[PDB]
């Protein structure tokens, strides 16, 4: 097993996956590492299994159809993993906790959003469709771009959104296009 957290790349109190070499802090893993279960398989393993049970799940899909799917167990897991993949980028630190807005010449967003909030929303099963989760994720970056305007700090929003969008296309097997 690895000696660092797959998500935050730090050592500490780690839980090890039984079916692959990754390890996690308790609250770095999404969902949080389960109290019992021997053996335990992490979310990367659980996602690989879904693909292996249904190879045709990797054929191209239309984003519009993916967004209308109901948050049944497998969609729920895919959204948890996609959220996890955003947290794996160190730049996610800017978007994790509740932001505040006091900058000359800007007004704060009408609907603030942040990754920990989305994490809680997923945990409490507040999303009924994939669309709900994806809208909140995209809102995070859109609020950032609008607030920071021409400051070069807007680029952090672009960078982290690209990570989200690439992983969204991979996980939900969106049809490749030019």
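Numbering follows the first chain given and starts at 1.
The stretch 15-23 shows the higher mean C-alpha B-factor when 164-172 is compared against 15-23 in the entry. Averaged over their C-alpha atoms, the temperature factors of 6-14 and 152-160 are higher for 6-14. Note on 64, 41, 70, 121: the highest value goes to 41, judged by CA B factor as recorded. Of the candidates 128, 143, 135, 36, it is 36 whose Cα B-factor is highest according to the PDB record. In this PDB entry, residue 104 carries a Cα temperature factor that places it within the highest third of its chain's modelled residues.
Residue 46: CA B factor lies in the middle third for its chain, per the PDB record. Ranked by Cα temperature factor within the chain, residue 59 sits in the middle third according to the deposited record. Sort the chain's modelled residues by C-alpha temperature factor and residue 53 lands in the highest third, per the entry.
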